[PDB]
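Working notes for the structure below.
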Amino acid sequence: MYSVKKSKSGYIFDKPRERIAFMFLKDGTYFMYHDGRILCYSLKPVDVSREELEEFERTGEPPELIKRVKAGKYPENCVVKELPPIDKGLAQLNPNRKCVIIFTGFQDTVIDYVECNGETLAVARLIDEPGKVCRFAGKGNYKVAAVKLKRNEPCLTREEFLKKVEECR
């Protein structure tokens with residue numbers, strides 16, 4: 001079961017560690033898919049109609065393009081990137097995972113996050129340089145960690161974040 005979020009930007013189908021997003025940008029519809037291990041997105045618009053997106057929403061069957069992607073059959077005009085492992089510091093809390101990419105203004109970023117004690121604990125890493133990391137604890141959304149990363153703002157050290165995680169398990 002995907003949760004579905006529709007907007008003028010497009011459609012977003014989410015699972016705890018998976019996202020299928022269709023963005024009506026520029027010429028037509030571009031797609032982003034990621035699971036726990038792989039990110040892939042189109043460099044050109046794809047042949048997915050709004051009718052197929054309504055059908056995906058109603059029945060829960062992803063379009064054939066996405067099913068091929070989930071089976072490792074990537075289209076020609078697509079970027080495919082391997083993701084890092086689930087953050088070690090968060091691993092024991094069973095975090096969610098989401099990726100944000102150039103379509104919303106980010107260098108490709110993976111974020112692992114949990115809600116704990118009314119706070120968000122998130123670890124964002126640049127997918128292309130996983131050593132660049134923002135560990136974040138705060139009342140905002142998980143995307144805050146990605147924003148701080150983009151803005152090169154200092155974040156929590158490993159020890160500070162691990163204290164927040166331990167005070168949480």
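Labels for the structure tokens follow display order: chains A, B, ..., residues from 1 in each chain, ligands from 1.
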Please produce, as JSON lines, a per-residue contact table for range 35-55 of chain A versus range 82-101 of chain A (criterion: any atom at most 9 Å away, only C-alpha atoms considered), showing the nearest atom pair and its distance in Å to one decimal, sorted by chain then residue number.
```
{"residue": "A:35", "atom": "CA", "partner": "A:97", "partner_atom": "CA", "distance": 8.1}
{"residue": "A:36", "atom": "CA", "partner": "A:97", "partner_atom": "CA", "distance": 7.0}
{"residue": "A:37", "atom": "CA", "partner": "A:83", "partner_atom": "CA", "distance": 5.1}
{"residue": "A:38", "atom": "CA", "partner": "A:82", "partner_atom": "CA", "distance": 4.8}
{"residue": "A:39", "atom": "CA", "partner": "A:82", "partner_atom": "CA", "distance": 6.4}
{"residue": "A:40", "atom": "CA", "partner": "A:82", "partner_atom": "CA", "distance": 8.9}
```
Inset, instruction - Give me the residues within 9 Å of residue 53 in chain A as a PyMOL selection string, counting only C-alpha atoms and dropping any in the same chain fewer than 3 places off. - result: chain A and resi 11+22+48-50+56-58+62-63
Legend entry - Of the listed residues A:111, A:149, A:66, A:20, that which approaches residue 33 in chain A most closely, counting only C-alpha atoms: A:20
Legend entry - Interatomic distance, CA of residue 141 in chain A to CA of residue 121 in chain A (Å, one decimal): 9.4 Å
Run DSSP on the backbone and tell me which residues of range 122-158 of chain A come out as helix (DSSP H, G or I); list them as a PDB file with N, CA, C and O atoms, in the first residue's frame.
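Done, and the output landed in part04.pdb:
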```pdb
ATOM      1  N   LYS A 143      13.021  16.954   5.453  1.00  0.00           N
ATOM      2  CA  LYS A 143      13.706  17.719   4.416  1.00  0.00           C
ATOM      3  C   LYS A 143      14.620  18.792   4.984  1.00  0.00           C
ATOM      4  O   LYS A 143      15.564  19.198   4.296  1.00  0.00           O
ATOM      5  N   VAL A 144      14.382  19.254   6.218  1.00  0.00           N
ATOM      6  CA  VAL A 144      15.280  20.239   6.807  1.00  0.00           C
ATOM      7  C   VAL A 144      16.715  19.728   6.742  1.00  0.00           C
ATOM      8  O   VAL A 144      17.641  20.476   6.400  1.00  0.00           O
ATOM      9  N   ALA A 145      16.916  18.432   7.020  1.00  0.00           N
ATOM     10  CA  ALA A 145      18.274  17.899   7.007  1.00  0.00           C
ATOM     11  C   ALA A 145      18.914  18.055   5.632  1.00  0.00           C
ATOM     12  O   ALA A 145      20.114  18.346   5.522  1.00  0.00           O
ATOM     13  N   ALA A 146      18.128  17.851   4.570  1.00  0.00           N
ATOM     14  CA  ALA A 146      18.633  18.018   3.210  1.00  0.00           C
ATOM     15  C   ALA A 146      18.916  19.477   2.910  1.00  0.00           C
ATOM     16  O   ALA A 146      19.906  19.798   2.235  1.00  0.00           O
ATOM     17  N   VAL A 147      18.066  20.383   3.409  1.00  0.00           N
ATOM     18  CA  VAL A 147      18.292  21.812   3.175  1.00  0.00           C
ATOM     19  C   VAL A 147      19.583  22.262   3.844  1.00  0.00           C
ATOM     20  O   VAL A 147      20.447  22.900   3.225  1.00  0.00           O
ATOM     21  N   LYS A 148      19.747  21.914   5.118  1.00  0.00           N
ATOM     22  CA  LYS A 148      20.986  22.254   5.792  1.00  0.00           C
ATOM     23  C   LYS A 148      22.175  21.708   5.017  1.00  0.00           C
ATOM     24  O   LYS A 148      23.188  22.405   4.844  1.00  0.00           O
ATOM     25  N   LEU A 149      22.045  20.482   4.492  1.00  0.00           N
ATOM     26  CA  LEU A 149      23.153  19.895   3.753  1.00  0.00           C
ATOM     27  C   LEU A 149      23.451  20.730   2.522  1.00  0.00           C
ATOM     28  O   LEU A 149      24.610  21.073   2.254  1.00  0.00           O
ATOM     29  N   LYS A 150      22.396  21.134   1.810  1.00  0.00           N
ATOM     30  CA  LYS A 150      22.586  21.931   0.611  1.00  0.00           C
ATOM     31  C   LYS A 150      23.244  23.253   0.963  1.00  0.00           C
ATOM     32  O   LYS A 150      24.126  23.727   0.237  1.00  0.00           O
ATOM     33  N   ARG A 158      28.517  13.159  15.019  1.00  0.00           N
ATOM     34  CA  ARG A 158      28.092  11.786  15.252  1.00  0.00           C
ATOM     35  C   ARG A 158      27.758  11.544  16.725  1.00  0.00           C
ATOM     36  O   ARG A 158      26.739  10.917  17.035  1.00  0.00           O
TER      37      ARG A 158
END
```
10 Å contact set for residue 76 in chain A, only C-alpha atoms, chain neighbours under 4 positions out, as a short mmCIF file (atom, residue, chain, number, x, y, z; two decimals) with N, CA, C and O atoms, in the first residue's frame:
```cif
data_model
loop_
_atom_site.label_atom_id
_atom_site.label_comp_id
_atom_site.auth_asym_id
_atom_site.auth_seq_id
_atom_site.Cartn_x
_atom_site.Cartn_y
_atom_site.Cartn_z
N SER A 42 14.07 10.05 -14.74
CA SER A 42 14.13 10.25 -16.19
C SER A 42 14.78 11.59 -16.52
O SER A 42 14.61 12.57 -15.80
N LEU A 43 15.54 11.61 -17.61
CA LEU A 43 16.14 12.83 -18.13
C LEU A 43 15.27 13.49 -19.18
O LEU A 43 15.60 14.59 -19.63
N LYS A 44 14.19 12.84 -19.58
CA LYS A 44 13.24 13.30 -20.58
C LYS A 44 11.86 12.89 -20.09
O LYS A 44 11.74 12.02 -19.23
#
```
Inset, instruction - Could you tell me how far CA of residue 30 in chain A lies from CA of residue 46 in chain A, in Å and to one decimal? - result: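 Taking CA of residue 30 in chain A as the start and CA of residue 46 in chain A as the end point, the length is 5.8 Å.
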Inset, instruction - Assign secondary structure with DSSP using the backbone only, and return the residues of range 10-169 of chain A in strand (DSSP E or B) as a VMD selection string. - result: chain A and resid 10 to 15 18 to 25 28 to 34 38 to 42 78 to 82 96 to 100 109 to 116 119 to 126 129 to 138 156
Legend entry - Closest of A:23, A:18, A:155, A:140 to residue 124 in chain A - atom-to-atom distances counting only C-alpha atoms: A:155
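Here CA of residue 27 in chain A and CA of residue 106 in chain A stand 20.5 Å from one another.
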Legend entry - A:110, A:25, A:32, A:127 ranked by distance to residue 74 in chain A, top pick (using only C-alpha atoms):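 Selected residue with least distance to residue 74 in chain A: A:32.
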Inset, instruction - Give the answer as one residue: which of A:31, A:81, A:152, A:108 has the shortest atom-to-atom distance to residue 65 in chain A, using only C-alpha atoms? - result: A:31
Legend entry - Closest of A:67, A:9, A:41, A:115 to residue 102 in chain A - atom-to-atom distances counting only C-alpha atoms: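 When distances to residue 102 in chain A are compared using only C-alpha atoms, the smallest one comes from A:41.
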